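Chains as they are written, first to last, in the numbering used here: chain A, 180 to 231; chain B, 5 to 144; chain C, 320 to 371; chain D, 320 to 371.
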């Protein structure tokens, strides 16, 4: 919905540069494809990894 | 041992700006006439998404008797005695300015955004005065 | 939010011998998937007490 | 001596739903490393009693 955009602000007094804030903002949504209660394109697999 | 770090466990942390640098709401309800237990009045009104920090209750002398018996309750529409229960600061013998001790750090729900003052016990001899409430809170 | 459709395959039996192409109906399957979208961001402050 | 700075990465939580880009601050981490410097040497002598 919105690409990440940046912006800055002079907070306390713009003449007496005592404070400044930078920031970034985003509108996005991520979801796994699901139809009729089923995974659309993923096969999950569980294996025993010992981690030695 | 399973006492982990809080539901807060990852972020940075607030300072100068438009956040929830803590706030007040103040009202001065004026009682007059005779004072029975059929009294109710809003003094102030609160947000929805806010957590209370502390309530200060200062009143005048409302029952000038040798044995005073006036008694106040401070709360909202859900719980009539949520902040103060049997305050007795309006009596002419005791002292005023009692801070709140019950129900402090809790998120306000919908329909509970108006602070009422209800009279719990009848006044033996009603005088004229006023009651002040200051409620501190903040927002996310 | 944003809804995405899906059509399945076709399912029955080949109408053997005598049967119409007007008598014996099929439906075609159809489903949905909706992705919700939210705002999010992050910011950093810079003072002057820690800058000179 | 010579001092060298370092900046870390960024740390918190994405300010979900409603929150400003002016309310909820971060610091940026910063560190130092200083290398000290010293003199050093070596020498060799040659006579004439051991040279003719």
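The beta carbon of each residue, even a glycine, is placed where N, CA and C say it ideally should be.
Residue environment, residue i, which counts as buried when at least 16 other CB atoms sit within 10 Å
i             : result
residue 77/B  : buried
residue 63/B  : buried
residue 349/D : exposed
residue 141/B : buried
residue 120/B : buried
residue 343/D : buried
residue 321/D : exposed
residue 80/B  : buried
residue 67/B  : buried
residue 88/B  : buried
residue 323/D : exposed
Cβ pair residue i, residue j closer than 8 Å
i             : j             : result
residue 203/A : residue 184/A : yes
residue 128/B : residue 49/B  : no
residue 131/B : residue 60/B  : no
residue 32/B  : residue 134/B : yes
residue 118/B : residue 46/B  : yes
residue 21/B  : residue 339/D : yes
residue 136/B : residue 331/D : no
residue 182/A : residue 366/C : no
residue 65/B  : residue 96/B  : yes
residue 145/B : residue 364/C : There is no way to answer for residue 145/B, as the model of chain B reaches only from 5 to 144.
residue 361/C : residue 341/D : no
residue 207/A : residue 180/A : yes
residue 221/A : residue 211/A : yes
Residues near residue i by beta carbon distance below 6 Å, same chain, minus five either side
i             : result
residue 188/A : 200
residue 34/B  : 134
residue 75/B  : 90, 92, 124 and 125
residue 36/B  : 132
Within-8 Å CB hit, residue i to chain E
i             : result
residue 182/A : The structure shown has no chain E; the protein chains it does contain are A, B, C and D.
Sequence-distant residues of the same chain with beta carbon closer than 8 Å to residue i, five excluded per side
i             : result
residue 109/B : 55, 56 and 57
residue 186/A : 201, 202, 203 and 204
residue 71/B  : 128
Close beta carbons around residue i, own chain, < 7 Å, minus the five adjacent residues each side
i            : result
residue 98/B : 92
residue 24/B : 142, 143 and 144
Spell out a yes or no on whether the segment 351-369 of chain C and the segment 87-96 of chain B are touching, meaning 3 or more CB-CB pairs, one atom from each, closer than 8 Å.
no
Three-pair Cβ contact test at 8 Å for the segment 321-331 of chain C versus the segment 107-124 of chain B
no
Do the segment 45-59 of chain B and the segment 113-120 of chain B touch if we need at least three Cβ pairs shorter than 8 Å?
Flag = yes, the segment 45-59 of chain B and the segment 113-120 of chain B touch.
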